[PDB]
RNA sequence: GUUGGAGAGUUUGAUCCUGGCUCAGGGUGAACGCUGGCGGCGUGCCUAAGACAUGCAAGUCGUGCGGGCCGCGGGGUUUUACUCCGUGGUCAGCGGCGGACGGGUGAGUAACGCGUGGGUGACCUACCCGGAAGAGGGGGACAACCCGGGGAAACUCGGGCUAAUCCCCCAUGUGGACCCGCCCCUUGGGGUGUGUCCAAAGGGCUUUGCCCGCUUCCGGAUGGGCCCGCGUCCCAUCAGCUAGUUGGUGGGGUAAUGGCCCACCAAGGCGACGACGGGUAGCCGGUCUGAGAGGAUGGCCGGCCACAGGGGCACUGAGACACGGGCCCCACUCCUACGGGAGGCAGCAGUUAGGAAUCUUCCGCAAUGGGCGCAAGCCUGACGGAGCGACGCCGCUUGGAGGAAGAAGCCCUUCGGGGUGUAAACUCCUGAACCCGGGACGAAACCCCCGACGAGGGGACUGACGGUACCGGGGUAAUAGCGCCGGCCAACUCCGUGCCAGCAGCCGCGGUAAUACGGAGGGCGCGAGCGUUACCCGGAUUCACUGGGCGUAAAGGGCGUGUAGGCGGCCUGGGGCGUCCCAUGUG
Ligand SMILES: [Mg+2]
Ligand SMILES: [Mg+2]
Ligand SMILES: [Mg+2]
Ligand SMILES: [Mg+2]
Ligand SMILES: [Mg+2]
Ligand SMILES: [Mg+2]
Ligand SMILES: [Mg+2]
Ligand SMILES: [Mg+2]
Ligand SMILES: [Mg+2]
Ligand SMILES: [Mg+2]
Ligand SMILES: [Mg+2]
Ligand SMILES: [Mg+2]
Ligand SMILES: [Mg+2]
Ligand SMILES: [Mg+2]
Ligand SMILES: [Mg+2]
Ligand SMILES: [Mg+2]
Ligand SMILES: [Mg+2]
Ligand SMILES: [Mg+2]
Ligand SMILES: [Mg+2]
Ligand SMILES: [Mg+2]
Ligand SMILES: [Mg+2]
Ligand SMILES: [Mg+2]
Ligand SMILES: [Mg+2]
Ligand SMILES: [Mg+2]
Ligand SMILES: [Mg+2]
Ligand SMILES: [Mg+2]
Ligand SMILES: [Mg+2]
Ligand SMILES: [Mg+2]
Ligand SMILES: [Mg+2]
Ligand SMILES: [Mg+2]
Ligand SMILES: [Mg+2]
Ligand SMILES: [Mg+2]
Ligand SMILES: [Mg+2]
Ligand SMILES: [Mg+2]
Ligand SMILES: [Mg+2]
Ligand SMILES: [Mg+2]
Ligand SMILES: [Mg+2]
Ligand SMILES: [Mg+2]
Ligand SMILES: [Zn+2]
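Protein chains in written order, with PDB author numbering: chain T, 8 to 106; chain Q, 2 to 105; chain D, 2 to 209; chain P, 1 to 85.
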């Protein structure tokens with residue numbers, strides 16, 4: 008056995024288990040943004056959107072998503088919420104949204 | 002210079018897609034008479050404009066589907082069935098030369 | 002190595018004197034002088050026609066022996082004149098004379114070519130002022146073939162450095178008798194070298 | 001990174017070194033991106049070292065790192081010199 | 001400098017043409033036999049991608065940080081216990097950067113895999129370079145250590161303490177990201193307007209400033225993914241293939257386009273200019289052959305690919321879907337207490353296997369290259385060299401000058417005589433080997449002081465080859481071996497043998513006069529090599545572009561029709577696809 012090696016797999020484990028916690032937070036959180044987006048609670052969805060959008064960026068400073076890949080998940084959400092609120096009621100906050 | 006190709010459409014029968022037949026001439030590697038060999042390029046025509054038998058240019062482009070790597074540049078002439086018949090004559094003839102058979 | 006054996010018998014093989022026995026080879030001794038006909042059990046009997054290829058080969062062998070270098074590099078010397086820009090017969094010789102073991106034998110310092118070699122092999126020779134044990138040696142125009150002082154007072158050097166007051170060099174050459182020196186003017190011509198070879202016939206063996 | 005170093009082109013006991021610009025991780029004697037001179041360490045000639053300064057002076061505005069050996073061979077080429085007052 | 005092109009043998013009583021088989025020429029990663037003195041430079045599992053024991057082959061930083069241990073030196077006490085600071089030997093850990101580069105072998109693939117040339121407005125990029133700005137405030141974990149349980153072992157389980165450049169929340173945000181808006185450009189490119197979200201970490205010393213770092217941003221360079229244009233072996237005794245198949249809209253996924261992947265809709269896509277299947281092989285720079293045109297080939301060195309016992313898979317990360325990292329199954333080997341676990345050389349070297357054949361368990365990290373480090377340094381089976389192998393090319397010795405009308409012996413003789421043959425014997429000369437001594441280049445850097453940390457200058461360290469190469473002196477005459485000798489093919493006779501024994505590449509020799517078999521003498525060719533066997537090209541205008549042919553010699557379809565395709569008369573003009581020309585980028 009070669010203790011230079013083993014080191015980096017114990018390493019792995021620990022980041023996987025911080026990278027799991029990171030993503031599997033964002034799914035959850037942003038799914039509960041899509042959700043509040045449906046039935047027009049423009050107040051609350053636009054709250055959840057920004058506490059999504061940041062937990063994005065801080066997984067972008069890191070090594071979970073790339074700037075390229077995190078920017079992606081920002082447009083997935085941001086646009087798709089600006090649009091579920093089409094089929095309902097106008098943006099109260101206008102938090103993570105530019106009129 | 003994302004390559005530019007002049008060929009004549011020979012397939013309408015698809016969605017926003019179209020098949021084009023581009024041909025080229027050249028001395029035979031060794032034997033060296035001019036020969037002329039051609040190939041068909043599944044082009045992209047979005048708004049659908051160009052029809053079955055048109056004379057077009059194509060350019061290398063951002064891949065659109067599996068076998069779509071060319072958008073259509075412009076039209077050099079319309080109505081040129083002469084070859085579309087010829088290309089179909091070739092496509093037909095495969096009915097013959099089979100070891101199923103060919104009837105009278 | 003080199004061929005080493007009964008030399009005056011090729012004085013007679015190809016039927017003319019090859020002055021390789023050396024100072025004896027101007028006698029009424031050198032083998033040829035007595036019995037012209039070439040070697041063994043039959044040498045005296047009637048000789049029939051030589052093949053086109055016979056003759057092709059004879060006149061090659063002569064020039065290979067006569068210059069006292071073995072086949073394998075008699076070749077790379079031919080095939081190095083081919084590869085060189087000018088008359089092939091005439092370049093060839095041109096780099097037989099530039100070899101060290103027949104840079105001596107024409108600069109005087111020896112009796113025959115086989116001898117003349119020994120003096121090269123054995124640390125006896127100066128080339129632009131240095132010691133050269135290398136018969137394979139490309140002597141260029143302007144080179145300085147002399148003798149290292151240490152061997153100078155040797156008889157074999159000197160009885161031979163003697164006789165040179167009765168001969169001359171070869172017009173691509175200055176002999177400095179006393180100073181024990183020698184100078185390579187130019188290459189030769191086929192003008193000079195009057196060998197008993199016909200050289201195109203040599204090349205017609207290195208066409209096949 | 002981008003680097004400048006030495007690459008072997010002689011044989012046994014007869015090294016002749018080449019000055020090169022090549023990517024760090026590249027094999028020693030491999031497809032370099034630019035030959036900028038030779039260096040003869042057995043020094044058997046009047047010209048046992050050529051460089052050409054003007055390229056290594058593009059190539060460091062570039063940001064290609066020398067070796068030690070190769071560094072020392074450039075100072076000695078003039079590569080790193082300054083003038084005026 | 002048009003620099004370059006040899007053919008013969010054999011069908012017949014003979015001759016002319018066709019036509020095959022055959023030989024001469026060069027070529028190797030070679031083997032085999034007889035023989036084998038040397039050195040330099042190459043080069044050496046082509047067979048089982050069969051299986052591998054032992055050692056090494058990737059780690060480094062104490063200047064990211066907290067301790068174990070085993071001491072050593074100094075402190076608080078009058079003396080003990082115990083505790084405080086540093087420090088040395090050391091050992092894992094926490095963290096950073098690397099493990100993807102280097103090396104190996106071509107099993108696999110006929111394929112954007114490789115070569116050539118372009119797109120990327122569809123992309124990332126660590127350490128390095130330049131440019132713009134910034135490090136304020138608060139919180140917590142996991143090891144190490146301690147205490148405890150499972151286990152034959154492998155190792156695994158449990159609760160507690162803690163630091164840091166490790167983890168997280170808040171703020172400032174020069175700038176950047178995303179949503180929507182306009183304005184240039186035009187496939188996702190550049191600007192700007194509101195809302196929204198994100199920064200960081202401290203160690204060292206020449207301590208009031210220099211150094212290695214830190215964070216967000218444009219760019220340089222570097223490397224790289226992905227896409228297209230042409231090039232890319234055979235057999236049609238494989239002709240029809242295709243259902244994620246071809247395309248559409250929505251979606252997921254990636255650094256990125258896209259049936260890549262999913263849902264839903266239309267029914268396409270491909271093919272005789274070889275789709276499909278089967279066979280074979282990594283591709284190229286180049287290498288061999290050849291007058292050229294082509295034919296043959298891709299060990300070594302180098303450029304790209306693909307695997308790491310067979311197969312699938314994801315994590316970490318800028319990067320792989322990772323040889324000496326990870327999860328699962330199978331074959332194989334092995335430990336076992338019959339629960340279970342370990343193991344992967346096609347990295348160097350060796351063993352075993354196989355086979356006609358392929359080597360040392362060498363020295364050293366001095367050079368050069370790479371990783372890490374402020375640095376001294378540390379790891380370096382890359383690599384630098386040595387060993388072994390005539391395996392290959394080249395350099396070299398075995399002597400040379402003199403010597404009989406010509407020893408002996410050996411062979412022929414027409415018995416006069418002819419030949420080995422100036423060869424040997426001795427005469428003289430030189431001095432491989434060996435002996436003595438001296439004895440390298442390859443190596444000046446990093447580092448250290450001056451000087452500014454810069455330019456420049458000065459000092460110091462260091463040789464695995466090696467006591468080699470090479471220089472001075474000394475010195476002995478001092479390995480020859482293979483093929484052939486009827487023709488092609490350089491070389492001729494005696495015996496022995498008698499279609500026997502035997503040679504042979506082709507025709508062929510041998511049935512008592514054998515230039516052919518086995519010996520001798522003599523001869524030709526080569527020489528530390530000469531031969532034989534296998535393969536590549538030439539010969540072979542015997543695949544015929546150069547450069548062929550069908551009346552009888554192998555060959556005109558048994559005759560028409562006509563489709564694809566190939567080809568085309570005279571007069572002028574427009575295009576410039578070909579083809580020519582010049583400049584240029586690439587090779
Ligand atoms: Mg990741
Ligand atoms: Mg000596
Ligand atoms: Mg006959
Ligand atoms: Mg030839
Ligand atoms: Mg041969
Ligand atoms: Mg032997
Ligand atoms: Mg092998
Ligand atoms: Mg300590
Ligand atoms: Mg590799
Ligand atoms: Mg196939
Ligand atoms: Mg625990
Ligand atoms: Mg903030
Ligand atoms: Mg951090
Ligand atoms: Mg802190
Ligand atoms: Mg294969
Ligand atoms: Mg030819
Ligand atoms: Mg090939
Ligand atoms: Mg290689
Ligand atoms: Mg194996
Ligand atoms: Mg696998
Ligand atoms: Mg291994
Ligand atoms: Mg180094
Ligand atoms: Mg040897
Ligand atoms: Mg042998
Ligand atoms: Mg030799
Ligand atoms: Mg003699
Ligand atoms: Mg020196
Ligand atoms: Mg003859
Ligand atoms: Mg025989
Ligand atoms: Mg007889
Ligand atoms: Mg015989
Ligand atoms: Mg041919
Ligand atoms: Mg013919
Ligand atoms: Mg006939
Ligand atoms: Mg007929
Ligand atoms: Mg015409
Ligand atoms: Mg006209
Ligand atoms: Mg044109
Ligand atoms: Zn003579």
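For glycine and all other residues, C-beta sits at the position ideal for the given N, C-alpha and C.
How would you write the range of the beta strand (DSSP E) that residue i sits in, first residue to last?
i: residue 26(Q); result: 18 to 28
i: residue 17(P); result: 17 to 23
i: residue 175(D); result: 174 to 177
i: residue 89(D); result: First-last for residue 89(D): 89 to 95, but that is the alpha helix (DSSP H), not the beta strand (DSSP E).
i: residue 35(Q); result: 35 to 41
i: residue 75(Q); result: 69 to 78
i: residue 12(Q); result: 5 to 12
i: residue 20(D); result: Looking at the DSSP string, residue 20(D) is not in any beta strand (DSSP E), and its letter there is neither H nor E.
i: residue 63(Q); result: 56 to 66
Would you decide whether residue i is buried or exposed? Buried here means 16 or more other CB atoms lie within 10 Å of its CB.
i: residue 195(D); result: exposed
i: residue 103(T); result: buried
i: residue 109(T); result: Not covered by the structure: residue 109(T). The range shown for chain T is 8 to 106.
i: residue 1(P); result: exposed
i: residue 110(D); result: buried
i: residue 66(P); result: buried
i: residue 48(P); result: exposed
i: residue 185(D); result: buried
i: residue 63(D); result: buried
i: residue 190(D); result: exposed
Could you please give the first and the last residue of the uninterrupted alpha helix (DSSP H) stretch that includes residue i?
i: residue 79(D); result: 72 to 83
i: residue 7(P); result: Careful: residue 7(P) lies outside any alpha helix (DSSP H), inside the beta strand (DSSP E) at 2 to 8.
i: residue 54(P); result: 53 to 56
Whose C-beta lies closer than 6 Å to the C-beta of residue i among residues of the same chain, with five residues either side of it excluded?
i: residue 159(D); result: none
i: residue 8(D); result: 21, 22
i: residue 45(T); result: 91
i: residue 68(D); result: 97
i: residue 65(Q); result: 45
i: residue 188(D); result: 95
Please tell me whether residue i and residue j are closer than 8 Å, where the distance is taken between their beta carbons.
i: residue 126(D); j: residue 132(D); result: yes
i: residue 82(Q); j: residue 54(Q); result: yes
i: residue 84(T); j: residue 37(T); result: yes
i: residue 7(P); j: residue 21(P); result: no
i: residue 121(D); j: residue 135(D); result: yes
i: residue 60(Q); j: residue 4(Q); result: yes
i: residue 192(D); j: residue 93(D); result: no
i: residue 89(D); j: residue 5(D); result: no
Can you list, in chain order, the residues of its chain with a C-beta nearer than 7 Å to that of residue i? Leave out the 5 residues immediately preceding and following it.
i: residue 81(T); result: 60, 63
i: residue 25(D); result: 31
i: residue 66(D); result: 11, 19
Under 8 Å Cβ to Cβ from residue i, same chain only, skipping five residues before and after it: list those, please.
i: residue 28(P); result: 7, 8
i: residue 57(T); result: 102, 103
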